[PDB]
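What follows is one structure encoded as structure tokens, with my remarks underneath.
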Amino acid sequence: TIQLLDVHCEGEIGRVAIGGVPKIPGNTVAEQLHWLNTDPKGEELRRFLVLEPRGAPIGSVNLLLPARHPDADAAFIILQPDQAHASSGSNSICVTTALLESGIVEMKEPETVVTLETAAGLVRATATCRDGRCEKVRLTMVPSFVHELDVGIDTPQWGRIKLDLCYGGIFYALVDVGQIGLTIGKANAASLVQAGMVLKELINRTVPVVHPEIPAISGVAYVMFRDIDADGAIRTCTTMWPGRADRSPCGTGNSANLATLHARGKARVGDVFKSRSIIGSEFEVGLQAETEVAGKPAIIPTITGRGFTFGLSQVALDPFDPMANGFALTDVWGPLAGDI
Amino acid sequence: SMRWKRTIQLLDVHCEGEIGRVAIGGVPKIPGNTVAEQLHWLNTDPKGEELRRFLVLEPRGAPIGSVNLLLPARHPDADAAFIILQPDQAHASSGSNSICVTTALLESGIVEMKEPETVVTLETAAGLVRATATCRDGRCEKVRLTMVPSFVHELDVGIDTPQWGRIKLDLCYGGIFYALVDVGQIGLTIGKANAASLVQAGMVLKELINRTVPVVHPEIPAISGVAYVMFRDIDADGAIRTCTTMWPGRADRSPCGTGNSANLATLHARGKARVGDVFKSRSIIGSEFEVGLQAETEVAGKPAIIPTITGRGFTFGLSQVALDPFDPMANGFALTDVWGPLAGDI
Numbered sequence: 006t007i008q009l010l011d012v013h014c015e016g017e018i019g020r021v022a023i024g025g026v027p028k029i030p031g032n033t034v035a036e037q038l039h040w041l042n043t044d045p046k047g048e049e050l051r052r053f054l055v056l057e058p059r060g061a062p063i064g065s066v067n068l069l070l071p072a073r074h075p076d077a078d079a080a081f082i083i084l085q086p087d088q089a090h091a092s093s094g095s096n097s098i099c100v101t102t103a104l105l106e107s108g109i110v111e112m113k114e115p116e117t118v119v120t121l122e123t124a125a126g127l128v129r130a131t132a133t134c135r136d137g138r139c140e141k142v143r144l145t146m147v148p149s150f151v152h153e154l155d156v157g158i159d160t161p162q163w164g165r166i167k168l169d170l171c172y173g174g175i176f177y178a179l180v181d182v183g184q185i186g187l188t189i190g191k192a193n194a195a196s197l198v199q200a201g202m203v204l205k206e207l208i209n210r211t212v213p214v215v216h217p218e219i220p221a222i223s224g225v226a227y228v229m230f231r232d233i234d235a236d237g238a239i240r241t242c243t244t245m246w247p248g249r250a251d252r253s254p255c256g257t258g259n260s261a262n263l264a265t266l267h268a269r270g271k272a273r274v275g276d277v278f279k280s281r282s283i284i285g286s287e288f289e290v291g292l293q294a295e296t297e298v299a300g301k302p303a304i305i306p307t308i309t310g311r312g313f314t315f316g317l318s319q320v321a322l323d324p325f326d327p328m329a330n331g332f333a334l335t336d337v338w339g340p341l342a343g344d345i
Numbered sequence: 000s001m002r003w004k005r006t007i008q009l010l011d012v013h014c015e016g017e018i019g020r021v022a023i024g025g026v027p028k029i030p031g032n033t034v035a036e037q038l039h040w041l042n043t044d045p046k047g048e049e050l051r052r053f054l055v056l057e058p059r060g061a062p063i064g065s066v067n068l069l070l071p072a073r074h075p076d077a078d079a080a081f082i083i084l085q086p087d088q089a090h091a092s093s094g095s096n097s098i099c100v101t102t103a104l105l106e107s108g109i110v111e112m113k114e115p116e117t118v119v120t121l122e123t124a125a126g127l128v129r130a131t132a133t134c135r136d137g138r139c140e141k142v143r144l145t146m147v148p149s150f151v152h153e154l155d156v157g158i159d160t161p162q163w164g165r166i167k168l169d170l171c172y173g174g175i176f177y178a179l180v181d182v183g184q185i186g187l188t189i190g191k192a193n194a195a196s197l198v199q200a201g202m203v204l205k206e207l208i209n210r211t212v213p214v215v216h217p218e219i220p221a222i223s224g225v226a227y228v229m230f231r232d233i234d235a236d237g238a239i240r241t242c243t244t245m246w247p248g249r250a251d252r253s254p255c256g257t258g259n260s261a262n263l264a265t266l267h268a269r270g271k272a273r274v275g276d277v278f279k280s281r282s283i284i285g286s287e288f289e290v291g292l293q294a295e296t297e298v299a300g301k302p303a304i305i306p307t308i309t310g311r312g313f314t315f316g317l318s319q320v321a322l323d324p325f326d327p328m329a330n331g332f333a334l335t336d337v338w339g340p341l342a343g344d345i
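Chains as they are written, first to last, in the authors' numbering: chain B, 6 to 345; chain A, 0 to 345.
Laid out in structure tokens, this is it:
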């Protein structure tokens with residue numbers, strides 16, 4: 006069996022696999038990510054865990070893996086219906102929360118520094134702990150940077166629109182939502198997701214991207230729509246294949262967006278912003294420092310959010326289930342589910 | 000992790016792809032001294048809605064699957080009682096979920112497993128369901144349910160629709176009320192590629208029907224309203240192809256036991272099914288049940304039948320959920336991206 010702690014971060018589910026995880030081939034976490042995304046056994050495992058009947062169209066499964074850096078408490082990789090991913094703020098917060106509240110990592114009060122090894126690098130997480138509860142977690146995200154601002158693409162549905170290509174631990178296309186004639190709110194969840202899936206297909210087909218120093222991280226993962234609320238918060242809706250919205254404000258997406266703000270002169274070291282998701286849940290987003298990635302101007306972002314352990318689950322690793330290969334349908338998985 | 004926490008313990012089972020989580024420990028006391036009373040309570044009391052919402056909506060629940068609350072048996076012949084929690088309401092009856100419950104009771108050992116066969120009597124708000132389980136080496140391989148008395152209310156009820164014009168449906172009962180609709184009338188076939196469009200049609204029809212076509216069981220007032228619109232067809236091999244659509248908008252993954260029970264009553268009324276007959280039914284994902292006509296009977300003086308439904312349950316995991324009314328999202332939530340077109344009414 007695989008043992009999971011079921012956690013949500015600002016409404017976004019991150020199941021944290023804390024026991025019974027199989028050995029994942031690779032001498033680095035980046036190699037393990039590559040293996041998961043290329044080997045048939047990697048596909049089999051992911052499908053088994055994420056698709057029906059064992060998985061749901063919402064949430065990710067975070068595989069805890071052996072740390073390699075001596076300062077890392079654990080390593081992890083994020084499993085989703087599309088692929089394995091290197092990075093995620095909401096899931097890093099879920100992993101931190103699970104590690105501390107399970108006692109796998111010793112909880113110190115008022116703060117515990119937890120170090121998570123990802124394919125993108127080490128994520129340093131400062132957890133505010135009180136009375137055995139991990140209340141919130143401030144992530145120091147990996148160096149984030151602009152790939153290109155104001156990229157134009159032709160769309161049959163909305164004509165020419167512009168997006169920012171950028172990196173916040175995985176690659177994003179950021180789109181001002183007014184360009185597709187929608188607004189970010191709950192009532193538009195399906196239509197926003199439909200637009201995001203059209204854009205992701207177009208972008209993935211025509212706009213290849215790879216991290217200049219980490220070959221295993223490539224392609225635009227998600228299209229994130231952005232707007233501004235009246236109180237000044239960065240409103241976001243990250244669209245995820247085969248078609249659903251992130252329930253959290255999106256840590257990696259905010260990290261990538263913060264890099265665009267900094268490039269435009271709209272954010273500076275020391276600034277703190279609020280970001281709000283489609284459901285109104287919130288993160289604090291900070292610009293901690295400037296840096297460089299392979300000669301490119303870059304930043305060190307911070308993402309602060311809360312994790313809530315809501316349950317425990319154990320899944321039988323029985324490959325004889327008649328539904329062991331897993332399935333999905335467009336009723337609840339989104340418009341591209343037929344491609345699963 | 001859960002130290003110091005109040006939890007509900009569940010066995011996670013699927014029946015032909017349809018998830019039935021079975022709550023076997025830490026279920027709160029549900030007020031009522033009959034199961035029908037407990038069903039009414041869940042569907043009318045604020046605390047009932049609170050509990051259901053907490054368990055079935057995000058972040059704790061997903062848009063697929065049901066939560067089956069095991070409850071004390073009242074009837075002297077019953078081994079256990081249960082009620083089905085879904086995003087729309089609590090429901091009296093479910094074929095797939097009765098199979099999940101039986102599987103979980105027997106494999107956990109809560110009910111003693113006998114080989115080659117164990118009979119488990121489940122008490123529902125609709126009546127007793129006899130579950131005859133084929134068992135071997137500690138596994139409940141498959142379950143034949145004797146369903147509650149099923150009957151026709153009216154065949155070929157006409158209804159005007161803006162999209163498809165006037166169409167016909169059968170109003171009937173298989174442990175809950177159904178509108179059964181030949182799927183050619185909406186210009187779609189039942190298949191995985193049409194899941195979203197079938198569900199959209201099912202929801203339009205459910206809203207129209209619930210507004211204009213009240214129904215109530217003539218002897219069990221707690222069971223009322225058309226629960227589901229089920230689309231039906233016949234495959235090339237003669238299987239009864241089904242797609243039951245569930246509010247706020249998804250398809251049953253199973254062939255639908257209660258829906259097949261209601262459909263079998265319509266076949267019987269049409270002279271197309273007799274005592275002893277057996278049919279196969281297939282779901283939108285191609286999973287299958289055996290559907291039998293065991294006997295004729297009467298419900299409140301009306302002609303009825305006793306159907307059987309045979310399918311397989313499979314325990315895929317265990318889960319525990321913390322009952323924490325102080326979670327900031329204790330009220331639960333849903334969105335139209337994954338919950339279907341009527342999710343905004345949650």
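Positions of the beta carbon are idealized from the N, C-alpha and C atoms, including for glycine.
Close-in-space but distant-in-sequence residues of the same chain around A:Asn209 (CB under 8 Å, 5 per side omitted) | Taking the first residue of the second sequence as position 1, residue 209 of chain A is located at position 210. Contacts found: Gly224, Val225.
Where DSSP assigns a beta bridge to A:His13, which residues make up the other side?
-> Reading the second sequence from its first residue, position 14 is the one you call residue 13 of chain A. Paired residues: A:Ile18, A:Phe313.
Proximity winner among A:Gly164, A:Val214, A:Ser97, relative to A:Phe150 (alpha-carbon distances) | Position 151 of the second sequence holds residue 150 of chain A. Comparing Cα positions, the closest option is A:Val214.
Reference B:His267; option with closest CA among B:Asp44, B:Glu295, B:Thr43, B:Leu9 = One-based indexing of the first sequence puts residue 267 of chain B at position 262. The shortest Cα separation from B:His267 among B:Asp44, B:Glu295, B:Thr43, B:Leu9 belongs to B:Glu295.
So, using beta-carbon positions, are A:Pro247 and A:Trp163 closer together than 7 Å?
-> Looking up residue 247 of chain A in the second sequence gives position 248. Looking up residue 163 of chain A in the second sequence gives position 164. Result no, Cβ atoms of A:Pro247 and A:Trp163 do not sit closer than 7 Å.
For A:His90, which residues does DSSP report across the bridge?
-> The residue you call residue 90 of chain A lines up with position 91 of the second sequence. Per DSSP, A:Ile83.
Could you tell me how far apart the beta carbons of A:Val118 and A:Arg129 are, in whole angstroms, since I believe they sit closer than 8 Å?
-> Taking the first residue of the second sequence as position 1, residue 118 of chain A is located at position 119. Taking the first residue of the second sequence as position 1, residue 129 of chain A is located at position 130. Confirmed, about 6 Å.
Run through DSSP, which three-state label would B:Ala303 get?
-> The residue you call residue 303 of chain B lines up with position 298 of the first sequence. In this structure, B:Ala303 counts as strand in the three-state DSSP scheme.
When the Cα atoms are used, what is the spatial distance from B:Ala61 to A:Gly300?
-> Locating residue 61 of chain B in the first sequence gives position 56, counting from the first residue. Locating residue 300 of chain A in the second sequence gives position 301, counting from the first residue. Their Cα atoms are separated by approximately 45 Å.
By Cβ distance below 7 Å, which residues in the same chain neighbour B:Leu179 in space, the five residues on each side in sequence not counted?
-> As a working note, residue 179 of chain B is residue 174 in the first sequence. Taken in chain order, the residues that qualify are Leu168, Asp169, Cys171, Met229, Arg231, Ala261, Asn262, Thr265.
On the DSSP bridge assignment, give the partners of B:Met245 in chain order.
-> Mapped onto the first sequence, residue 245 of chain B falls at position 240. Answer is B:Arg249, bridged to B:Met245.
Pick from B:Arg59, B:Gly312, B:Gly137, B:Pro86: whose alpha carbon is nearest that of A:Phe315?
-> Here residue 315 of chain A refers to the residue found at position 316 when the second sequence is read from its first residue. Ranking the options by Cα distance to A:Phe315, first place goes to B:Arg59.
Work out the CA separation of B:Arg269 and B:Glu116 for me, nearest whole Å.
-> As a working note, residue 116 of chain B is residue 111 in the first sequence. As a working note, residue 269 of chain B is residue 264 in the first sequence. So the alpha carbons of these two residues sit roughly 34 Å apart.
How many angstroms separate the CA atom of B:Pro340 from the CA atom of B:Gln199?
-> One-based indexing of the first sequence puts residue 340 of chain B at position 335. One-based indexing of the first sequence puts residue 199 of chain B at position 194. Rounded to the nearest whole angstrom, the CA to CA distance from B:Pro340 to B:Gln199 is 7 Å.
Using 8 Å as the threshold, is the stretch 327–337 of chain B in touch with the stretch 44–57 of chain B, meaning 3 or more CB pairs across them?
-> yes
Are the C-beta of B:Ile63 and some C-beta of chain A separated by less than 7 Å?
-> For this step, residue 63 of chain B is matched to residue 58 along the first sequence. By this cut-off, B:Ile63 is an interface position.
Give me the Cα-Cα distance between A:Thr101 and B:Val21, rounded to the nearest whole angstrom.
-> On the second sequence, position 102 is the one that residue 101 of chain A refers to. On the first sequence, position 16 is the one that residue 21 of chain B refers to. The straight-line gap from Cα to Cα measures roughly 30 Å.
How many angstroms separate the CA atom of B:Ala79 from the CA atom of B:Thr43?
-> Here the question's residue 79 of chain B lines up with position 74 in the first sequence. Here the question's residue 43 of chain B lines up with position 38 in the first sequence. Cα to Cα, B:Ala79 sits roughly 23 Å from B:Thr43.
Could you tell me whether the stretch 29–36 of chain B touches the stretch 272–285 of chain B, using the rule of 3 or more Cβ pairs below 8 Å?
-> no
Any 3 or more C-beta pairs closer than 8 Å across the stretch 177–193 of chain A and the stretch 2–22 of chain A | no
Take A:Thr120 and list the residues in its own chain whose beta-carbon comes closer than 7 Å to its own, dropping the five residues that flank it on each side.
-> Sequence index remark: in the second sequence, residue 120 of chain A carries index 121 (1-based). Excluding positions up to five away in sequence, the list reads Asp76, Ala77, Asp78, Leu127, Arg129.
Simplified DSSP assignment, three categories, for A:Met229 | Translated into the one-based positions of the second sequence, residue 229 of chain A becomes position 230. Three-state result, A:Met229: strand.
Runs of beta strand (DSSP E) lying entirely within the stretch 49–136 of chain A, each at least 3 residues, in chain order = Under the rule that a run must span 3 or more residues, the beta strand (DSSP E) segments found entirely inside the stretch 49–136 of chain A read 65–70, 79–84, 116–123, 126–135.
Close Cβ partners of A:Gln85 (< 6 Å) along its chain, the five nearest in sequence each way excluded | Working through the second sequence from its first residue, we reach residue 85 of chain A at position 86. The answer, listed in chain order, is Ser65.
Quick one: which residues of the stretch 297–314 of chain B get their C-beta closer than 7 Å to a C-beta of chain A? List them in chain order.
-> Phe313, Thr314
Can you name, in chain order, every residue of its own chain whose Cβ lies under 6 Å from the Cβ of B:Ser318, other than the five neighbours on each side?
-> Taking the first sequence and counting its residues from 1, the one referred to as residue 318 of chain B is at position 313. Around B:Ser318: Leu9, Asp11.
How would you write the range of the beta strand (DSSP E) that B:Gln293 sits in, first residue to last?
-> Your numbering for residue 293 of chain B matches position 288 in the first sequence. Taken as a continuous stretch (DSSP letters only), the beta strand (DSSP E) holding B:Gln293 covers 287–298.
Between which two residues does the beta strand (DSSP E) carrying B:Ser280 extend?
-> As a first step, residue 280 of chain B must be located in the first sequence, where it is residue number 275. From DSSP, the beta strand (DSSP E) with B:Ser280 extends over 277–281.
According to the neighbour-count rule (16 or more other Cβ atoms, all chains shown, within 10 Å of its Cβ), is B:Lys205 buried or exposed?
-> For this step, residue 205 of chain B is matched to residue 200 along the first sequence. Label assigned to B:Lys205: buried.
Please go through the stretch 140–193 of chain B and give each complete beta strand (DSSP E) segment of 3 or more residues, from N-terminal end onward.
-> If we require 3 residues or more, the beta strand (DSSP E) runs fully inside the stretch 140–193 of chain B come out as 149–160, 164–172, 176–181.
Would you mind telling me which residues of chain B sit closer than 9 Å to A:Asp87, beta carbon to beta carbon, in chain order?
-> Looking up residue 87 of chain A in the second sequence gives position 88. What A:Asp87 touches in chain B: nothing, since even the nearest Cβ is about 15 Å away.
Closest Cα partner of A:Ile18 within the set A:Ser95, A:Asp87, A:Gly31, A:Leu104 = Counting from 1 along the second sequence, the entry for residue 18 of chain A is found at position 19. Ranking the options by Cα distance to A:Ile18, first place goes to A:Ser95.
Tell whether a beta-carbon distance below 7 Å holds between A:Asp326 and B:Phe313.
-> Taking the first residue of the second sequence as position 1, residue 326 of chain A is located at position 327. Taking the first residue of the first sequence as position 1, residue 313 of chain B is located at position 308. In contact: A:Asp326 and B:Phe313 (Cβ atoms closer than 7 Å).
Chain B residues whose Cβ lies nearer than 7 Å to that of A:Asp326 | Position 327 of the second sequence, counted from the start, is the residue given in the question as residue 326 of chain A. What A:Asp326 touches in chain B: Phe313, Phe315.
Around the Cβ of B:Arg281, are there at least 16 other Cβ atoms within 10 angstroms (buried) or fewer (exposed)?
-> Taking the first sequence and counting its residues from 1, the one referred to as residue 281 of chain B is at position 276. In summary, B:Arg281 is buried, with 16 or more beta-carbon neighbours lying within 10 Å of its beta-carbon over all protein chains present.
Tell me whether the beta-carbon of A:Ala194 lies closer than 7 Å to the beta-carbon of B:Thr160.
-> Numbered from its first residue, the second sequence carries residue 194 of chain A at position 195. Numbered from its first residue, the first sequence carries residue 160 of chain B at position 155. The answer is no: Cβ separation not under 7 Å.
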